[PDB]
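The chain below stands alone, shown as structure tokens; this is the form deposited without D-MYO-inositol-1,4,5-triphosphate.
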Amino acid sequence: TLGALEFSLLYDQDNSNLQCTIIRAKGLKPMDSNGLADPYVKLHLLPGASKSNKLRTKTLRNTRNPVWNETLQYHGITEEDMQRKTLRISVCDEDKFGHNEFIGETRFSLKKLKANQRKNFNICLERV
């Protein structure tokens, strides 16, 4: 009951590129009473040396059912990287100031993704 996240992934093998489209979320749980319903999505490629492995979509305002419809790309991703790394995706609420509140997450093991074949997801969020 934290909500669910819908997104599509595509490994463009020939351009060493992992295209992650974050589509929408449904019934995102409100947590903090002082907090805002201004959600965004945070992509983190693990294990990794930070910064360049960390991507973020825009931020929607006053919504529990956000629709980002935004493609975030990781360049320089090789087959060895698809074998090694895992993609952590987490949904955060941003507050009156600039502080973020963690709602939920999910992890996609990149091993499971086949090359050039798109793969659409719709999975419930978690706290791990």
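One rule holds for the numbers: they count along the sequence shown, beginning at 1.
One more form of this protein, deposited with D-MYO-inositol-1,4,5-triphosphate bound, exists but is not displayed; see below.
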**Sole residue of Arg84, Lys26, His44, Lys29 within 4.5 Å of D-MYO-inositol-1,4,5-triphosphate in the deposited complex, by heavy atom** = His44
**4.5 Å heavy atom contact, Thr63 to D-MYO-inositol-1,4,5-triphosphate in the deposited complex** = no
**D-MYO-inositol-1,4,5-triphosphate contact in the deposited complex: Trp68, any heavy atom under 4.5 Å** = no
**Request:** Considering only heavy atoms, tell me if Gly98 and D-MYO-inositol-1,4,5-triphosphate come within 4.5 Å of each other in the deposited complex.
**Result:** yes
